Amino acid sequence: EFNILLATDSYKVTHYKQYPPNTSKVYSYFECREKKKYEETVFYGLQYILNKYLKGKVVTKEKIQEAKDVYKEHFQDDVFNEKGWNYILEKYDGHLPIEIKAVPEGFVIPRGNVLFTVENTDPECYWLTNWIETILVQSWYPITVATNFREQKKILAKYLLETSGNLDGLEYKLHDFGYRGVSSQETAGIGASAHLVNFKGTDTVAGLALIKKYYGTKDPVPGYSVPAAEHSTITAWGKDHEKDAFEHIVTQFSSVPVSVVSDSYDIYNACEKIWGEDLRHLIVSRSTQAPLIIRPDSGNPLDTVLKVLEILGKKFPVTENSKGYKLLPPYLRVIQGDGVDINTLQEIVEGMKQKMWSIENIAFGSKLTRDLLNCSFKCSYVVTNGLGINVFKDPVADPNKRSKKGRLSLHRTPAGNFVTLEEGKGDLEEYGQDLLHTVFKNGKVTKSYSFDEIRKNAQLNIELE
């Protein structure tokens, strides 16, 4: 079973002995620190952490003893605030005396703004605020995944709109292929849920169950897939029988969309001779609701996509849409799922546009770090001897690492943007309502968002228009 007493950075076990004596409050905040482009971030994923790890009776006698035993060996010393944890157990039935206030999930907020704050609700637990920094800071991952996919969606939207005149199918243009490529089963679920804030096509099944458990959708599921081959289902037929594999597979899935990886031996031969001649009669007969989706999976991503389109355009009837761009027949599409990151995605759609190919023709299949958006948790306010003091770091050699001072609040500006007020200036009430809401207090999740609301919050402007 998960033990919150064992879910912090080791050194934090020793911090209760280091704060100023007579400190009754430690108040901390999380931001995606501005850096002297990723100018706005999607706040997403805190609700998962709150429910899975922070809520309810998270302290027990057994958990305290377990931690005591582990830390004794780990530190070769008895340092461990057994009394402090006992107090939470006895006084609060093992519920964390913490209040967390956060911007609503799905909100798109410029860099350098307070996203959530954390403080102890009982003076005895001044040490607890930063104990849980480690676990809360891992919110950097769903925030950065949600943000990065939103930025990729902006690129796709721009090019789809320009080449087609509309945004039809946009939410299925970037399919999550990343399950095998992440570091763990837990990460797979979290990352997939963040992808699904932006898109609806996924092969990372783990994301569905996480969304259902922690967030919820009106629809039975938040994400979808369709049949497709992998190299093993093609190569198993033998090198001389690729055509036989293709035929079997498209015939098995004759009435649903089917994607078929076509580069096992020679992608260009597969497109021109196998799909484009030998099996063409099985493709042109397919429904608009059940296209063949050809998947190249190797070579230079841009060069290969363009050459594949060029080949298919000469073997199948191409039309020109009202924007002047070339469009494959509705029973035939292409998906590129090799080497697609935000930079290469841009390169491909731009390259397609230059060659007069509509983005309607293509879909894509998809490391990020905590430093990308400078996700950071810092103490900004403490009360010592009954006096509040505004605290901060400001390293001489790096002004980019300066932190905010005092009690914080987030507000709409008169022009409708965002501003973070420091030093308790929100109390002056010159800027309307604080946009941070209490989401956790004393062991209870106090405000929750559905996955539907989060998706709405995270919409692109071009979608709103």
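From 1 onward, residues are counted along the sequence shown.
### Unmodelled deposited residues between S366 and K367, binned
Count of unmodelled residues in between: 4 to 9.
### Query
What is the count, as a class, of unmodelled deposited residues between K36 and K37: none, 1 to 3, 4 to 9, or 10 or more?
Unmodelled stretch: 4 to 9 residues.
#### Entry: Higher-scoring stretch by recorded Cα B factor average, 393 to 401 or 51 to 59
The stretch with the larger average C-alpha B-factor is 393 to 401.
### Query
So 211 to 219 or 174 to 182, which one's hotter by mean CA B-factor in the entry?
Between 211 to 219 and 174 to 182, it is 211 to 219.
#### Entry: From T413, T420, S28, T438, residue of greatest CA B-factor
Answer for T413, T420, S28, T438: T413, with the highest C-alpha B-factor.
### Query
With respect to the C-alpha temperature factors reported in the PDB entry, which of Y159, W237, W127, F253 ranks highest?
Each of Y159, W237, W127, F253 was compared by C-alpha B-factor; the highest is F253.
### Task
Name the third of the chain's ranked CA B-factors that contains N374, choosing lowest, middle or highest.
For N374, whose C-alpha B-factor we compare with every modelled residue in the chain, the answer is the lowest third.
### Query
What third of the chain, by the recorded C-alpha B-factor, contains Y331?
For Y331, the deposited C-alpha B-factor lands in the middle third.
### Task
Going by the recorded CA B-factors, say which third of the chain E151 sits in, lowest, middle or highest.
CA B-factor rank for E151: lowest third.
### Query
Where does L428 sit by CA temperature factor within its chain: lowest, middle or highest third?
Within its chain, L428 is a highest-third residue by C-alpha B-factor, going by the deposited values.
#### Entry: Chain third (lowest, middle, highest) by recorded CA B-factor, residue given as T344
Top third by C-alpha B-factor.
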